[PDB]
Every structure is written in C-alpha cells, then in structure tokens.
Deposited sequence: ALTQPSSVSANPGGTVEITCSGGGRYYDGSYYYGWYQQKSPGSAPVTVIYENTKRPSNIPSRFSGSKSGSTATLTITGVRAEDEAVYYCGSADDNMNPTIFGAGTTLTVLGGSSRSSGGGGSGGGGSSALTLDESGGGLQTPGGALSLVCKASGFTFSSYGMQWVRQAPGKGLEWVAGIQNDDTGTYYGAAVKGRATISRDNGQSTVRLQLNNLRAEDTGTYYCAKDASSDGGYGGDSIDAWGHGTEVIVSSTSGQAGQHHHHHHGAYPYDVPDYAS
C-alpha cells in the first residue's frame, strides 16, 4: 500500500506539499506517481498531475509535481479555497498489480473526452453484473483503460486494467477470480464483468483512460475519468 499523509492544512495563498511513497519499482528501475483530486465522495476524480510531472492543460498552473528517488510530491503554489479536496496518489504496487491508490490526503484551506458508464443499478447478491464504458473524443485504440471503484464514503480502489491490444489484464485483490475486463476497439468500449456479487461490491464504478504512450496502463498514468455508475448489491 502507498503512504501519503491523512491531512494537510494550508492558509489561502500558501504553498502546500503532499508526499507519496511506497510505489513499486517499474521495469526501467524508476518510480512513477499520479495525483487524483476528488472534491466529494462519488464524484469523478480529476487528474491534476500524472507520470510524476505532467499537468493536463486545463489544470491551473499552480499545480505541479516532482519526484525524488522513490517519493513523489504534489505542490500547490498559491493554494485557493476551491482546491480543498481529497488528493489520492496512484502508482504501481507490483508487476501483477500495476495500479494502486493511497488512502488519500484531505486538504483543508483555512477560512472534451467522454467516458460514459452504464450497466449499474441494483444487483442481486450472488449474481453477476456487466458494466460498459463508451468512450469518445480520443483515439480509443491507442490507450490502456481501467476500472476503479469507490465504496460509499471510502477511498478509490483499483478494479481492473487492460492494454490497448487486449494484453496484460490484471485485477484488484478484492475481485481477482470474479472479474473480467475486455474491450472492443471498433466500438470504443471497455467492459467490466463481475460475478458472485457481494455487499462489499457496492459503490461507484469509474471508467478511466490511461495516458501511457505505449498503450499500457498503471496507477501513475490515468488522465481521464468518467462520472461513474453506481452499483448497489442488495436483496
């Protein structure tokens, strides 16, 4: 599991730093982290920094990222009230678990592409579900894709990933043996099947696009998130 502080406080106009450690070493011997801002539980995260230092152009320039050795730091220079959020760090855990999220850092300040998920709703315990994410606004066949979920009031949890060419599928510990991810490049869709459903599978399921230039996926490199679809497992 990754390590990031539970909370940080800042005065408006201050400079704040949030660190993340514990990521797995990548194939190249280096370490890579991403930073995912979520302003309320159950809402689409927003990538503020990915691949250590890359900032999406719609994100304010007050956000920046750096990495030293195996530790990443998110810096907000001139923090604003609207920056209050939970910031989740993401990285690789190990070779068979390319995505893992830290527990989140809550920041207190003193005072295009579409990914559309369907198939959610009420599900019966012991049954199966099938979620579909329909992508538009980018060249789907070039990118790895992932599913991430969030139990009510809890943090982000990785569910599954798939490379652009169907290869390298892996699954989060809580769903391994029950889950299947697949994709259809011609339809620009990625699918999650999950069987033997249990109450613990209840939550918001987000489709996530990877930015890795090689069609891979990992915890450091998510650049777009859907608004998610709720799954409720109950009888």
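Chemist: Can you give me the gaps, meaning deposited-sequence stretches with no C-alpha coordinates, in sequence order?
Modeler: Sequence ranges with no C-alpha atoms are 112-128, 253-277.
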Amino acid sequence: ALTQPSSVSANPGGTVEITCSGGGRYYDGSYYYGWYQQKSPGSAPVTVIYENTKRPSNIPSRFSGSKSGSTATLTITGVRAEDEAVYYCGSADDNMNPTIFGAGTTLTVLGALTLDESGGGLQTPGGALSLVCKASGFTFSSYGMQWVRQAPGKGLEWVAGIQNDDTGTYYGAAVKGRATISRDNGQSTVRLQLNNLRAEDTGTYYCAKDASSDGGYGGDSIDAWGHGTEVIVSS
From here on, numbers count along this sequence of modelled residues.
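Chemist: Going by the average Cα B-factor in the PDB entry, point out whether 177-185 or 42-50 comes out higher.
Modeler: Higher mean C-alpha B-factor in the PDB entry: 177-185.
Chemist: Averaging the C-alpha B factors as listed in the entry, name the stretch that ends up higher: 117-125 or 74-82.
Modeler: The entry gives the higher C-alpha B-factor average to 117-125.
Chemist: By the entry's C-alpha temperature factors, tell me which of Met96, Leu107, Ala92, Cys133 sits highest.
Modeler: Highest C-alpha B-factor among the listed options: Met96.
Chemist: According to the Cα B-factor stored in this entry, which of the following is highest: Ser9, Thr15, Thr19, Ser221?
Modeler: Largest recorded C-alpha B-factor: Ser9.
Chemist: What third of the chain, by the recorded C-alpha B-factor, contains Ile100?
Modeler: For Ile100, whose C-alpha B-factor we compare with every modelled residue in the chain, the answer is the middle third.
Chemist: Going by the CA temperature factor in the PDB record, which third of the chain does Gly203 belong to: lowest, middle or highest?
Modeler: For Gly203, whose C-alpha B-factor we compare with every modelled residue in the chain, the answer is the lowest third.
Chemist: Where does the C-alpha B-factor of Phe138 rank in its chain, lowest, middle or highest third?
Modeler: Highest third, going by the recorded CA B-factors of the chain.
Chemist: Can you work out whether the C-alpha temperature factor of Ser234 puts it in the lowest, middle or highest third of the chain?
Modeler: CA B-factor rank for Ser234: highest third.
Chemist: Taking the entry's C-alpha B-factors for this chain, is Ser64 in the lowest, middle or highest third?
Modeler: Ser64: CA B-factor falls in the lowest third of its chain.
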